[PDB]
Amino acid sequence: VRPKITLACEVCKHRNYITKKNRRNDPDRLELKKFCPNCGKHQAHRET
Amino acid sequence: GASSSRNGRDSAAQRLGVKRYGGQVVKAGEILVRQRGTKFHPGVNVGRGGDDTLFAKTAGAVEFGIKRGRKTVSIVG
Amino acid sequence: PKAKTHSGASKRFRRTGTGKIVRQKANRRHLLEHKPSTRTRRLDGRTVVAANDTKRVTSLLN
Amino acid sequence: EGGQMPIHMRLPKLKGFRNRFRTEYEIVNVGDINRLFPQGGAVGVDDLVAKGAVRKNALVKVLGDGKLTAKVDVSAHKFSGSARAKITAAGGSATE
RNA sequence: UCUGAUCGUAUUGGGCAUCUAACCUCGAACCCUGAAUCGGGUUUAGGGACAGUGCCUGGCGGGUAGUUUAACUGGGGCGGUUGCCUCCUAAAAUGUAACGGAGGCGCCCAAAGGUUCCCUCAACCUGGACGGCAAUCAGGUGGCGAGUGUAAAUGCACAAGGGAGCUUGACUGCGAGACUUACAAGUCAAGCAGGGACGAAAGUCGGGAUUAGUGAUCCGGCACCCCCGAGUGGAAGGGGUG
RNA sequence: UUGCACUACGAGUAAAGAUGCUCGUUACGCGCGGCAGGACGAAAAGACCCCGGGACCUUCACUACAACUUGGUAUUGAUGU
RNA sequence: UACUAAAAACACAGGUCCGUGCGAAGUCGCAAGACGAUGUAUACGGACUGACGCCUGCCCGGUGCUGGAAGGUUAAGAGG
RNA sequence: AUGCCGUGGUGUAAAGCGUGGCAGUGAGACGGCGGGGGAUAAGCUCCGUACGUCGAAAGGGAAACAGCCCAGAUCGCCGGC
RNA sequence: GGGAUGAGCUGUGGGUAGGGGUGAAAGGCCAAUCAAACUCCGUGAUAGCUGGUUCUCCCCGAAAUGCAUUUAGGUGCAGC
RNA sequence: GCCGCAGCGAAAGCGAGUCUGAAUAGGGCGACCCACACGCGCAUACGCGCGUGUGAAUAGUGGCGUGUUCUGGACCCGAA
RNA sequence: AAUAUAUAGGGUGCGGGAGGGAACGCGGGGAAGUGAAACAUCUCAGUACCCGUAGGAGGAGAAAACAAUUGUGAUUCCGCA
Ligand SMILES: *C(=O)[C@H](CCSC)NC=O
Ligand SMILES: [Mg+2]
Ligand SMILES: [Mg+2]
Ligand SMILES: [Mg+2]
Ligand SMILES: [Mg+2]
Ligand SMILES: [Mg+2]
Ligand SMILES: [Mg+2]
Ligand SMILES: [Mg+2]
Ligand SMILES: [Mg+2]
Ligand SMILES: [Mg+2]
Ligand SMILES: [Mg+2]
Ligand SMILES: [Mg+2]
Ligand SMILES: [Mg+2]
Ligand SMILES: [Mg+2]
Ligand SMILES: [Mg+2]
Ligand SMILES: [Mg+2]
Ligand SMILES: [Mg+2]
Ligand SMILES: [Mg+2]
Ligand SMILES: [Mg+2]
Ligand SMILES: [Mg+2]
Ligand SMILES: [Mg+2]
Ligand SMILES: [Mg+2]
Ligand SMILES: [Mg+2]
Ligand SMILES: [Mg+2]
Ligand SMILES: [Mg+2]
Ligand SMILES: [Mg+2]
Ligand SMILES: [Mg+2]
Ligand SMILES: [Mg+2]
Ligand SMILES: [Mg+2]
Ligand SMILES: [Mg+2]
Ligand SMILES: [Mg+2]
Ligand SMILES: [Mg+2]
Ligand SMILES: [Mg+2]
Ligand SMILES: [Mg+2]
Ligand SMILES: [Mg+2]
Ligand SMILES: [Mg+2]
Ligand SMILES: [Mg+2]
Ligand SMILES: [Mg+2]
Ligand SMILES: [Mg+2]
Ligand SMILES: [Mg+2]
Ligand SMILES: [Mg+2]
Ligand SMILES: [Mg+2]
Ligand SMILES: [Mg+2]
Ligand SMILES: [Mg+2]
Ligand SMILES: [Mg+2]
Ligand SMILES: [Mg+2]
Ligand SMILES: [Mg+2]
Ligand SMILES: [Mg+2]
Ligand SMILES: [Mg+2]
Ligand SMILES: [Mg+2]
Ligand SMILES: [Mg+2]
Ligand SMILES: [Mg+2]
Ligand SMILES: [Mg+2]
Ligand SMILES: [Mg+2]
Ligand SMILES: [Mg+2]
Ligand SMILES: [Mg+2]
Ligand SMILES: [Mg+2]
Ligand SMILES: [Mg+2]
Ligand SMILES: [Mg+2]
Ligand SMILES: [Mg+2]
Ligand SMILES: [Mg+2]
Ligand SMILES: [Mg+2]
Ligand SMILES: [Mg+2]
Ligand SMILES: [Mg+2]
Ligand SMILES: [Mg+2]
Ligand SMILES: [Mg+2]
Ligand SMILES: [Mg+2]
Ligand SMILES: [Mg+2]
Ligand SMILES: [Mg+2]
Ligand SMILES: [Mg+2]
Ligand SMILES: [Mg+2]
Ligand SMILES: [Mg+2]
Ligand SMILES: [Mg+2]
Ligand SMILES: [Mg+2]
Ligand SMILES: [Mg+2]
Ligand SMILES: [Mg+2]
Ligand SMILES: [Mg+2]
Ligand SMILES: [Mg+2]
Ligand SMILES: [Mg+2]
Ligand SMILES: [Zn+2]
């Protein structure tokens with residue numbers, strides 16, 4: 001019910017972060033700005 | 001015979017309390033007071049910490065005090 | 001005969017240039033989501049084998 | 001250790017692999033050349049074996065630790081970057 | 001060119017029936033044979049590509065074999081218990097035992113995180129359409145008796161409690177110096193840089209008032225880096241990082 | 001069988017049931033025949049009990065294996081449908 | 001139960017069920033071979049009951065045994 | 001009140017610390033003082049105590065009497081306190 | 001004291017062998033031995049268990065606690 | 001042939017450094033003498049840097065003792 | 001011979017084998033206790049034992065070999081690695 005989701009960059013597609021959401025309160029994929037170390041800056045991040 | 005089936009357990013002792021006493025010379029980064037909550041508050045050159053851990057920001061001497069009812073820990077550089 | 005060294009300990013310990021014995025650190029292979037990056041950076045790299053283990057570790061390497 | 005998981009199984013294995021095809025060099029410093037050959041001249045691999053600076057039957061490699069003040073002219077394998085500097089700055093050359 | 005039907009060609013396979021020559025017969029006769037209910041050979045009567053056996057493969061299998069079946073404990077059995085967190089025992093630092101006294105945990109939250117700003121509670125009293133002990137309202141009084149996602153202790157009214165705006169630091173590269181400690185572990189951390197959020201600024205931010213919500217190694221999986229590549233160029237496989 | 005030996009009793013004491021220790025009381029030295037209270041008498045490294053090991057037995061404990069059995073394939077051919 | 005148990009234990013004649021169509025089933029052997037038996041279902045092997053008399057009720061859900069094969073699942077081989 | 005941590009003096013040979021060689025121990029016992037379990041019983045049982053003795057401590061006292069009181073035995077003496 | 005014309009007793013010769021025999025069945029018996037005989041070899045089996053371990057003096061001198069443990073009469077590390 | 005003679009890194013590699021990193025950031029591991037005469041811009045006299053040393057204070061390795069230890073019955077005796 | 005070709009078989013005449021040996025060789029079969037502080041993979045260990053078969057030794061042996069750009073040139077045994 002609280003799965004471990006991974007967040008991938010929207011440019012280089014590297015899976016930089018892993019976290020947890022609720023599968024029922026947030027039934028679709030997260031979107032967060034996170035720091036991408038490959039791009040060297042903040043990019044957008046969906047799930048996989 | 002019956003049993004103490006409801007009791008018999010405890011957690012580990014957490015080694016809380018004052019680690020450096022008054023007038024004692026410390027280094028930068030030394031933990032002064034380890035506590036739950038703020039039994040002691042930070043003062044000059046003292047920071048709180050993530051689990052209320054009251055370390056040293058500056059080398060100096062530990063001194064305890066009062067600041068409007070609350071008891072504080074300070075460092076005199 | 002001839003002394004055989006210990007195969008499992010030679011995969012875990014090695015020596016520096018001065019003769020210190022170094023190891024790697026546990027709690028790092030998996031289950032890494034609930035561990036903050038202050039913890040994995042603490043468990044990163046190598047440290048010297050502690051003084052209370054250095055007599056038994058030296059005899060496993062010899 | 002009495003039954004608990006021992007020190008050679010608690011700890012993770014050291015990371016990595018061993019290179020099967022690793023070439024190894026026998027090391028001589030350029031400050032040792034200055035002490036062994038205080039007159040300069042040609043310095044070969046055979047001349048370093050007899051002077052005890054290096055082992056037999058192995059590829060040599062000049063490194064640049066020390067102070068070279070003599071005018072040597074040294075043939076070896078794989079000079080260091082700071083060793084090519086100190087040999088020419090003392091007045092000599094370094095070939096493969 | 002599609003679904004459905006039919007047909008031809010070629011290929012492969014299953015049923016069904018017949019055949020005899022492989023093979024089978026403790027059915028019969030004859031010979032080796034002088035003495036032979038053995039054996040082998042010959043002919044005949046049947047059976048027959050079945051059976052039996054080899055290799056491969058699934059089932060069943062206490063018939064046999066090797067073994068495992070925990071500890072604690074006011075003897076053992078039976079019952080209960082085992083890790084983590086909080087309190088008392090605990091003798092005013094820390095630590096401290098018993099099958100001593102009480103409870104919780106194996107989660108939850110995309111806001112219940114971050115920052116900026118603003119607010120003060122419960123209870124009591126008086127008045128008020130429905131309306132009551134108590135809904136919403138108005139005025140008094142009230143320094144914390146309320147509240148805190150969740151047990152308890154220590155905290156918090158300066159708020160860490162209530163409301164709102166924008167946000168993703170629930171960062172990456174690190175870390176002087178400490179706490180705790182047999183060891184493995186655990187915990188805290190000023191500050192530095194990159195790229196960010198909020199704020200006029202000062203600044204603050206490496207999840208949550210704090211302490212539980214977890215599992216060493218080995219062995220693998222996936223993603224990226226492009227380090228090694230068993231003559232060479234690749235590949236297989238391995239290695240690093242998450 | 002046997003560590004010894006010129007090997008009493010009572011109240012105590014002590015590893016908590018004393019010939020041997022304390023304080024007393026009693027007892028000439030040495031044999032023979034009887035009795036069976038003690039010497040925690042002798043014999044058997046307690047069968048009970050528990051802990052460690054083993055063995056054999058049981059079964060819907062675990063892993064195997066014989067036996068029995070399934071299909072493919074070889075031995076294995078011919079012809080119709 | 002030689003050597004602490006002679007019994008109410010075992011055996012028995014009679015009973016019933018089950019297996020077996022014949023180098024039978026069953027057993028001993030890796031096999032050949034043997035026994036069963038120079039026997040042939042009124043026979044032979046297993047199991048349970050135990051002279052005799054009167055009797056032996058109900059349950060086929062569990063678990064085995066026997067028979068079946070519509071459906072589900074499933075090996076190697078084939079297919080590629 | 002004690003205890004604990006720091007610091008300045010003063011005292012005190014066989015203290016402390018770091019790193020090597022070789023250990024043994026990990027069944028404790030009673031007494032004082034503080035507490036739990038038990039009936040505020042136990043020669044009970046479980047903890048605390050820079051508390052003590054026995055363990056591993058002879059000698060003197062407690063009649064005898066591991067643990068209580070005094071005192072720590074290098075050896076000799078027909079000395080003394 | 002039981003049987004004592006019988007499912008009797010006995011003599012001689014023979015057959016069955018160790019996870020095997022044989023058993024009117026007691027785990028009986030298989031050379032005074034049987035819940036798997038005896039003998040030799042593997043072999044000097046192994047035992048966290050009990051016992052034993054041999055001349056002298058000098059100097060120092062413990063511990064019976066903590067933590068972990070298929071661990072609690074064992075051991076590792078710390079303490080001394 | 002072995003050990004000493006340079007280390008760091010998973011490794012490619014580079015080397016008194018090197019790994020990580022964007023870093024000329026910090027950290028790890030590894031080298032690194034001021035006890036000292038003159039002097040060099042010198043600093044209150046102090047000592048940072050380098051020649052000649054004032055001639056700084058180190059090193060391994062092969063034998064043989066001894067203690068522990070590894071593999072062997074491994075101090076000796078003892079099962080079912 | 002049955003039975004025709006013949007064959008099985010039988011007659012005759014020369015040769016050879018058989019068994020024993022202490023260890024060593026080659027080929028085949030193959031444990032357990034033990035160790036893993038339990039135990040099944042694993043170990044013990046291809047050991048013990050067994051079967052066949054030699055010889056004064058035996059086995060191996062004359063590249064369908066290594067190696068890695070240079071090369072070595074049948075096998076066996078020893079020391080290193
Ligand atoms: C109990 O079973 C009994 C006790 C023995 S009394 C010393 N043992 C019988 O063998
Ligand atoms: Mg939402
Ligand atoms: Mg607590
Ligand atoms: Mg936190
Ligand atoms: Mg990993
Ligand atoms: Mg992480
Ligand atoms: Mg364990
Ligand atoms: Mg069955
Ligand atoms: Mg069994
Ligand atoms: Mg075994
Ligand atoms: Mg027990
Ligand atoms: Mg009990
Ligand atoms: Mg106290
Ligand atoms: Mg306390
Ligand atoms: Mg509970
Ligand atoms: Mg918010
Ligand atoms: Mg919480
Ligand atoms: Mg708030
Ligand atoms: Mg997170
Ligand atoms: Mg650090
Ligand atoms: Mg910034
Ligand atoms: Mg701005
Ligand atoms: Mg910060
Ligand atoms: Mg493992
Ligand atoms: Mg290649
Ligand atoms: Mg790959
Ligand atoms: Mg990293
Ligand atoms: Mg008496
Ligand atoms: Mg007396
Ligand atoms: Mg006397
Ligand atoms: Mg008398
Ligand atoms: Mg008499
Ligand atoms: Mg008696
Ligand atoms: Mg007796
Ligand atoms: Mg005994
Ligand atoms: Mg078949
Ligand atoms: Mg077949
Ligand atoms: Mg009898
Ligand atoms: Mg009798
Ligand atoms: Mg049959
Ligand atoms: Mg019938
Ligand atoms: Mg029946
Ligand atoms: Mg009956
Ligand atoms: Mg009958
Ligand atoms: Mg039915
Ligand atoms: Mg059926
Ligand atoms: Mg020491
Ligand atoms: Mg103890
Ligand atoms: Mg003991
Ligand atoms: Mg105690
Ligand atoms: Mg008391
Ligand atoms: Mg006691
Ligand atoms: Mg006491
Ligand atoms: Mg005394
Ligand atoms: Mg003493
Ligand atoms: Mg005395
Ligand atoms: Mg006296
Ligand atoms: Mg006097
Ligand atoms: Mg009579
Ligand atoms: Mg008579
Ligand atoms: Mg009669
Ligand atoms: Mg038998
Ligand atoms: Mg019985
Ligand atoms: Mg007998
Ligand atoms: Mg047996
Ligand atoms: Mg053996
Ligand atoms: Mg032994
Ligand atoms: Mg002494
Ligand atoms: Mg113990
Ligand atoms: Mg120890
Ligand atoms: Mg290296
Ligand atoms: Mg560095
Ligand atoms: Mg020397
Ligand atoms: Mg003819
Ligand atoms: Mg012969
Ligand atoms: Mg075995
Ligand atoms: Mg074992
Ligand atoms: Mg053992
Ligand atoms: Mg030959
Ligand atoms: Zn990116």
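These numbers come from the heavy atoms of this one structure, side chains and all, not from hydrogens, waters or symmetry mates. All chains are named by letter (A, B, ...) in the order of the sequence lines, taking the proteins before the strands, and each is independently numbered beginning at 1.
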Within the sub-3.5 Å range, which N or O atoms of nucleotides 191-194 of chain E have a protein N or O partner, and how far apart are they?
none

Give me the distances for all protein-to-nucleotides 75-80 of chain I N/O pairs that come in under 3.5 Å?
none

Between protein and nucleic acid, restricted to nucleotides 224-232 of chain E and to nitrogen or oxygen atoms under 3.5 Å apart, what atom pairs and distances do you find?
unit_1	atom_1	unit_2	atom_2	d
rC228(E)	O2'	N19(D)	OD1	3.3

Reading 5' to 3' and counting Watson-Crick or G-U wobble pairs with both distances under 3.5 Å, write the dot-bracket notation for RNA chain I, | for bases paired outside the strand.
.................(.(.(.....).)...)..............|.|.............((..(....)..))||
Using Watson-Crick or G-U wobble pairs with both distances under 3.5 Å, give me RNA chain G in dot-bracket, 5' to 3', with [ ] for crossers and | for pairs to another strand.
.............((((.((.....(((....))).......)).))))...............................
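For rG15(J), one of the phosphate oxygens OP1 or OP2 lies less than 4.0 angstrom from a side-chain nitrogen or oxygen of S80(D). A close approach under 4.0 Å does occur between a side-chain nitrogen or oxygen of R23(C) and OP1 or OP2 of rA184(E). In this model, the phosphate group of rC219(E) is approached by a side-chain N or O of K13(D) to a distance below 4.0 Å at OP1 or OP2. For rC19(J), neither phosphate oxygen OP1 nor OP2 lies less than 4.0 angstrom from any side-chain nitrogen or oxygen of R46(C). OP1 or OP2 of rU187(E) sits under 4.0 Å from a side-chain N or O of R42(C). For the OP1/OP2 pair of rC22(H) and a distance below 4.0 Å, the side-chain nitrogens and oxygens of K55(C) include at least one atom meeting the criterion.
Residue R55(D) places a side-chain atom within donor-acceptor reach of the base of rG4(J), judged by atom type and a 3.5 Å distance cut-off alone. With hydrogens and angles ignored, no donor-acceptor pair under 3.5 angstrom links the side chain of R41(C) to the base of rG173(E). Scanning atom types as modelled, no donor and acceptor separated by under 3.5 angstrom connect the side chain of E30(B) and the base of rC179(E).
The side chain to side chain donor-acceptor pair (under 3.5 Å) check on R29(A) picks up nothing, with sequence neighbours excluded. Remark: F40(B) engages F64(B) in a ring pair (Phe, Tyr, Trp, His ring centres under 6.0 Å) (not counting sequence neighbours). For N22(A), the side-chain contact (heavy atoms from CB on, under 4.5 Å) test picks out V1(A), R2(A), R24(A), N25(A), with sequence neighbours left out.
Across the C1' atoms, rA138(E) and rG128(E) are found 8 Å apart, a figure rounded to whole Å. Rounded to whole Å, the separation between the P atoms of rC24(E) and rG48(E) comes to 16 Å. Remark: the separation of the P atoms in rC130(E) and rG103(E) is 47 Å, to the nearest Å.
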Pairs of donor and acceptor atoms involving the side chains of residues 39-53 of chain D, under 3.5 Å and at least two apart or interchain, shall be tabulated with distances.
unit_1	atom_1	unit_2	atom_2	d
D47(D)	OD2	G44(D)	N	3.0

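Here the groove touched by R22(D) is the major one: a side-chain heavy atom lies under 5.0 angstrom from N7, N6, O6, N4 or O4 of a paired base.
Between the side chains of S59(C) and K55(C), no donor N or O sits under 3.5 Å from an acceptor N or O.
For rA151(E), the base is anti relative to its sugar; the glycosidic angle deviates from 0 by more than 90°. Nucleotide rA56(J) carries a syn base; the chi torsion (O4'-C1'-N9-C4 or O4'-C1'-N1-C2) is within 90° of 0. Base orientation for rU3(K): anti, the chi torsion being more than 90° from 0.
Using a 4.0 Å cut-off between charged side-chain N and carboxylate O, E1(D) and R56(C) make a salt bridge.
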Just by protein heavy atoms under 4.0 Å, how would nucleotides 73-84 of chain E read 5' to 3' in B, S and -?
------BS----
Each nucleotide of nucleotides 65-73 of chain J classed B (base within 4.0 Å of a protein heavy atom), S (only sugar-phosphate) or -, in 5' to 3' order, makes ------B--
Nucleic acid footprint by protein, nucleotides 56-61 of chain J - heavy-atom cut-off 4.0 Å, B for base, S for sugar-phosphate alone
------
